[PDB]
2 protein chains.
Amino acid sequence: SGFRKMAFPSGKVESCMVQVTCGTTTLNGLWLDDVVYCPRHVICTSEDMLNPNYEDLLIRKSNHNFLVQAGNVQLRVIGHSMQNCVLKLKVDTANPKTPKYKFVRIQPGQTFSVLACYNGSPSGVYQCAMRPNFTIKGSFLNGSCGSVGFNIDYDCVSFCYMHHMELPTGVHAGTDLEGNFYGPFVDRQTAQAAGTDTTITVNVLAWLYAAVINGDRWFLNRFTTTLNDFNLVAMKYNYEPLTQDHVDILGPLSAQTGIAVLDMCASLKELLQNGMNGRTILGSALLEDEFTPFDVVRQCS
Amino acid sequence: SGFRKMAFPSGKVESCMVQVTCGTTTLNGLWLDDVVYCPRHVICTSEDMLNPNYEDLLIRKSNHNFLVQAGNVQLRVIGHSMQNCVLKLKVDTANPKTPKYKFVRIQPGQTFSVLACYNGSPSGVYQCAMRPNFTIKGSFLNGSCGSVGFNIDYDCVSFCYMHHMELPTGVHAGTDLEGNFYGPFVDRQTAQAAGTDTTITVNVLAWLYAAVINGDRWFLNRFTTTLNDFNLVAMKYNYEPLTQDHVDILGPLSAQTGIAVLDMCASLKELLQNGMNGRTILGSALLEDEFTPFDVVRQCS
Ligand SMILES: Cn1cnc(Cn2c(=O)nc(Nc3cc4cn(C)nc4cc3Cl)n(Cc3cc(F)c(F)cc3F)c2=O)n1
Ligand SMILES: Cn1cnc(Cn2c(=O)nc(Nc3cc4cn(C)nc4cc3Cl)n(Cc3cc(F)c(F)cc3F)c2=O)n1
């Protein structure tokens, strides 16, 4: 029993993390087969970072301008190119610990594990959700640029996030491994605001099911609600509207607990309207929205 | 910026995890050099688990009764012994991925990373604190017996926890890697209750400092309190009493933020007395006590 924010074991990704230095600018890269992937921001000098023209900056470089270090061993760069906001450095050595992998883009509301890294050295691991506004509420300091986020299915690592920058609100923004930003951001050292966010309703409901599976039932009630009547309440509390396709995804959890989705919605409607009255759900005093239905099924039984 | 429950990268430990089977009973083991460490409970048949005499059970076994599997390769057992509640199986192959390691026992209030594992296969990673009552609020299902908890300093893995059992309240109990239980528990399949718990005051204060470092300041105030006047409030709210040695450990955080420890205590005293009034601290609506001062310094700047 128990329910915790839990990341995937990070070993498969740790073995791929390298340091990339261009002049005096340094950050983390991802070494898969004979290619290192990293934020193209590394080719900026201090005076290029505010308003870079990356095509200009890159044509002015050659392979020998890139220092790649996999622990103590220097990897020799033998080719370089740009794909959107990621730099690809072809190296002379294929990574012998390359896992089976994919580059997948995730949807808002989905979760992934972040391996925070500094100077090519992994530092910590934790779960994150892609917010509806395409930021993530991570934990990152200077030097974390190029840290990656991922999910692991069986033996295959699905890379979904490369960390670029911190926004002024303290939330974090990045790209997929094709270099395409999540959300309306650009890789410049200028202050950029996130759009308005909203709460991921299906995740909250999934978490309430996790709570019932784990014995918290004080919030249940005899009432049911209609899909449209719940959505009137959701709109008032900045929860995203609930659809039948979402009622569908909650099917297995509704079956395990024997609590109808629309019944669980009546509980959520009451919690939103009344608060929690000094009690807790799975050790939290607010409604948690960063667990997917899959996270619940993976962790409960 | 940001503050998250964050585990150590688990790769060094993943490479040590094996499956140990004795007859039909199976669980996880820890393979370091040419020794596998695992809960001695594995030598119990279904009918031995309620009231085992382990010395009896073990003398009735030979090396060939133990099946150890490191992934696909079977490790040959060439010796076996008991140390308290852990079995040590000497194998014919030294683990080529043995990290630099120590066996250390931790104190209540301290944190460690748990690598949850099933059938010798790592499943997830998350942070845990040793509660004052020597349980941990983990996330474990059937088959997790033998999962380990650890901290990593530089390159050295300090193993501090081997998971044994789940108590009826849903909390988890285990031993250090010498087989000595944390808390008043025994490795029998009988229902055992945890003693009364209490809140880890210095961790709450450390977390409030983390919040100030990260820009939550609404809970600060112009007041100070005396060490004894705070402790009268702490005793009323089941917080453990605060000592000068604890004021001392919070020194660096008090210096970074410029907020005196006893000033921060006046904030905590108010929060305990008034609640939080609909606001949050670092995304939580209750006072978090599972971050040590070291966890805060490791993650903030
Ligand atoms: C506080 N924080 C939270 N997350 C981050 C991530 N992050 C980072 O690690 N580094 C950045 N700028 C650099 C400065 C360098 C100085 N040297 C010697 N080398 C450096 C490398 C970088 Cl990458 N930035 C800022 C930033 C990085 C970008 F990739 C980008 F497109 C715009 C930006 F403003 C950063 O956010 N820091
Ligand atoms: C729900 N939960 C949360 N944590 C745990 C940990 N845990 C476990 O994984 N297994 C246990 N009993 C076994 C049954 C087996 C059946 N087969 C085929 N093999 C088995 C191996 C075990 Cl170890 N237990 C119970 C338990 C394990 C002990 F080590 C102990 F000393 C007393 C106990 F009651 C368990 O708690 N399950």
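Residues numbered from 1 in each chain as written, not as in the entry; some residues may be left out. Chains lettered and ligands numbered in written order. Heavy atoms only, no water.

Regarding how it was determined, this PDB entry cites X-ray crystallography in its header, along with a resolution of 1.66 Å.

Once chain B has been moved 0.0 Å along the axis and rotated by 180°, it coincides with chain A to within an RMSD of 0.0 Å. Such values leave the two copies arranged in the relation of a two-fold axis. In terms of C-alpha distance to the rotation axis, chain B has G11(B) as its closest residue, with the C-alpha 1.7 Å off the axis. Most of the interface of chain B is mirrored in chain A, where 100% of its interface residues again form contacts. (Least-squares fit on C-alpha atoms. Contact = heavy atoms within 4.5 Å.)

With that out of the way, let us pick up the pairing of strand β2 (residues 25–32) of chain B. All names here are of chain B. Most of β2 sits out of view: seven of its eight residues are buried. Both strand β1 (residues 17–22) and β2 contribute to a ladder of six bridges, which runs antiparallel. Paired with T21 across the bridge in β2 is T26. Hairpin connection, β1 to β2: the antiparallel pair is bridged by two residues, and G23 has positive phi, about 65°. Where β2 meets strand β3 (residues 35–39), three bridges bridge the pair, whose relative direction is antiparallel. In the sheet register, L32 faces β3, and the bridge partner there is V35. Here β2 hands over to β3 after two residues, with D33 in that stretch at a positive phi of 50°. (Buried < 20%, exposed > 50% of the residue type's maximum accessible area, 1.4 Å probe, protein only. Helix = DSSP H or I, 4+ residues; strand = E, 2+ residues; numbered from the N terminus. Pairing = 2+ DSSP bridges.)

All names here are of chain B. Judged by pairing direction, the sheet is antiparallel, and its seven strands sit side by side in the order β5-β4-β1-β2-β3-β7-β6 without closing on themselves. Looking at the sheet topology across the chains shown, the edges are occupied by β5 (73–75) and β6 (77–83). Adjacent strand axes in the sheet meet at a mean angle of 30° when their direction is disregarded. In the sheet, strand β4 (residues 66–70) pairs with β5 via three bridges, with the strands oriented antiparallel. (Axes fitted to C-alpha atoms, helices over the stretch in contact; angles between N-to-C directions.)

What follows is about the site of ligand 2. All names here are of chain B. Close to ligand 2 lie 19 residues, the nearest being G143, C145, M165, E166 and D187. Between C145 and ligand 2, the recorded distance is 3.0 Å, taken from a backbone N or O atom to an oxygen atom. The separation between a nitrogen atom of ligand 2 and a polar side-chain atom of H163 is 3.1 Å. Contact with the protein chains covers 80% of the free accessible surface of ligand 2, which is 710 Å². Taken together, the elements giving at least two residues each to the shell around ligand 2 come down to β2 and β12 (156–166). Looking at which element gives the most residues to the shell around ligand 2, the answer is β12, with four residues. Its residues assigned to classes, the shell around ligand 2 comprises six nonpolar, ten polar and three charged. (Near = heavy atom within 4 Å. Polar contact = N/O pair within 3.5 Å; in protein donor to acceptor, adjacent residues only side chain to side chain. Areas by Shrake-Rupley, 256 points an atom, 1.4 Å probe, with all protein chains shown as cover. Nonpolar A, V, L, I, M, F, W, Y, C, P; charged D, E, K, R; others polar.)

Taken together, the 36 residues of chain B in the interface contact 36 residues of chain A. Summed over both partners, the interface of chain B with chain A comes to about 2,500 Å²; 51% of that surface belongs to carbon and sulfur atoms. On the chain B side of the contact with chain A, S1(B), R4(B) and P9(B) bury the most area, a combined 26% of that side's loss. At the boundary of chain B with chain A, the tally comes to zero salt bridges. Counting the contacts that link chain B with chain A gives 23 residue pairs in polar contact. Secondary-structure elements contributing two or more residues to the side of chain B that touches chain A are α1 (11–14), β10 (121–129) and α8 (293–299) of chain B. By residue class, the composition of the side of chain B that touches chain A is 15 nonpolar, 14 polar and seven charged. (Buried area = accessible area lost by both parts, 1.4 Å probe. Salt bridge = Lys/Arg side-chain N within 4 Å of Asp/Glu carboxyl O.)

Residues and elements named next belong to chain B. It is at 10 Å that the axes of helix α3 (residues 201–213) and helix α7 (residues 261–274) come closest, and there the two elements cross at 100°. Accordingly, the angle class assigned to the pair α3 and α7 is roughly perpendicular. Of the residues in α7, those touching α3 at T201, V204, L205, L208, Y209 and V212 are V261, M264, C265, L268 and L271. The residue makeup of the contact of α3 with α7, split by class, is ten nonpolar, one polar and no charged. (Parallel < 35°, antiparallel > 145°, perpendicular 65-115°, else oblique.)

Residues and elements named next belong to chain B. With phi around 60°, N277 is a residue other than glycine that occupies positive phi space. Within the secondary structure, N277 is located in the loop between α7 and α8. You can call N277 exposed: its relative accessible area is 59%. The phi dihedral of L282 falls on the positive side, at around 50°, and the residue is not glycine. Relative to the assigned elements, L282 resides in the loop between α7 and α8. Assessed through its relative accessible area of 23%, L282 is described here as partly exposed.

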